[PDB]
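K.L.:
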Amino acid sequence: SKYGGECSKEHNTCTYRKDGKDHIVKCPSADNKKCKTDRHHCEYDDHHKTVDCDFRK
Ligand SMILES: [Cl-]
Ligand SMILES: [Cl-]
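Every position in the sequence shown, counted from 1, becomes a number in the authors' numbering once 1 is added.
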């Protein structure tokens, strides 16, 4: 249920792969969910219907 991708710091977006296609969604603006490092991991959780762009590198 989790779909991984990479985030854009400038745009605060997550690009993730699901069902053969790349999808670009906004990250949250929350302090510890936003995209902090360009091109680092993000995930769309299709169970919870949430996005997180702040992972440990
Ligand atoms: Cl595509
Ligand atoms: Cl969200």
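The C-beta atom is built at its ideal place from N, Cα and C for all residues, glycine as well.
1. Give a single yes or no on whether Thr14 has its beta carbon closer than 7 Å to a heavy atom of ligand 2.
2. Sort out for me which residues DSSP pairs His48 with in a bridge.
3. Give every residue of the same chain whose Cβ lies closer than 7 Å to the Cβ of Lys58, excluding the five residues on either side of it in the sequence, and list them in chain order.
4. Rounded to the nearest angstrom, what separates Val52 and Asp20 at their Cα positions?
5. With the cut-off set at 8 Å, would you say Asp23 and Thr14 are in Cβ contact?
P.N.:
According to the structure shown:
1. Residue numbering aside, residue 14 sits at position 13 when the sequence shown is read from its first letter. No, since every heavy atom of ligand 2 falls outside the 7 Å radius drawn around the Cβ of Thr14.
2. Numbered from its first residue, the sequence shown carries residue 48 at position 47. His48 pairs with nothing; no bridge assigned.
3. In the sequence shown, residue 58 corresponds to position 57, counting from 1. Same-chain partners within the cutoff: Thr38, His41.
4. Sequence index remark: in the sequence shown, residue 52 carries index 51 (1-based). Sequence index remark: in the sequence shown, residue 20 carries index 19 (1-based). Straight-line Cα distance between these residues: approximately 17 Å.
5. Along the sequence shown, read from residue 1 onward, the residue named residue 23 stands at position 22. Along the sequence shown, read from residue 1 onward, the residue named residue 14 stands at position 13. Contact: no.
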